[PDB]
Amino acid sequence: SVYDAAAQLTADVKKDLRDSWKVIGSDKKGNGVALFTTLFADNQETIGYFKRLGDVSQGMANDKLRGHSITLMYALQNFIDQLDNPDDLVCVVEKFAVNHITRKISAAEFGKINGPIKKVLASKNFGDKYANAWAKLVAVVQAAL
C-alpha cells in the first residue's frame, strides 16, 4: 500500500533525497530535459505515450517537450517538500497518480524512470547511495498506480 511504502522513507533516505535535490533541482529545465530524453533513449517503447509532444528527438528545441520536462520537475519538488509529513506526502502522491492511472501507466512502466534518474545523478557526482534513495521515493508512487 502507499501508506506502507511511505514508511520506507527513513531518516537517512530523506536526508539523501534533500541533499541531491539541492543540486538537481537547481536547474529544472536542464536536468528535466536530460531526465526525459534519457528515458526515451534507453526505453524507446515509452515514446508511444507521448504522441502529443511531437518529435521528441528535437530535445530542448521542442517547446512541448521542454514544457513537459520543466513541469515534471515541479512534481518532484512537491514530493521533496512533503517529506516532513507522511500524511501530506501520501495525499500528494495519490493526487499525482490520478492522471497516470487514467493513461494506464503501470508501476512497472513508471519504474523505468529509475534508470534515467540514476544517470542524471551520476552526472552530478551522486552515486548509488542516492540512486537507491530516489528509487525508494519512486516506489511510493508505484504503490499508488
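The first residue of the shown sequence is 1; numbering continues from there.
- Comparing the deposited coordinates for 36-44 and 91-99, the stretch with the larger average C-alpha B-factor is 36-44.
- When the C-alpha B-factors of 47-55 and 81-89 are averaged, 47-55 comes out higher.
- Comparing the listed residues 105, 70, 113, 76, the entry records the largest Cα B-factor for 105.
- Per the PDB record, residue ranking by Cα B-factor puts residue 144 in the middle third of the chain.
- In the PDB entry, residue 20 places in the lowest third of its chain by CA B-factor.
- The deposited CA B-factor of residue 131 belongs to the lowest third of values across its chain.
- Among all modelled residues in its chain, residue 137 ranks in the lowest third by Cα B-factor.
- Ranked within its chain, residue 9 lands in the highest third, by CA B factor from the PDB record.
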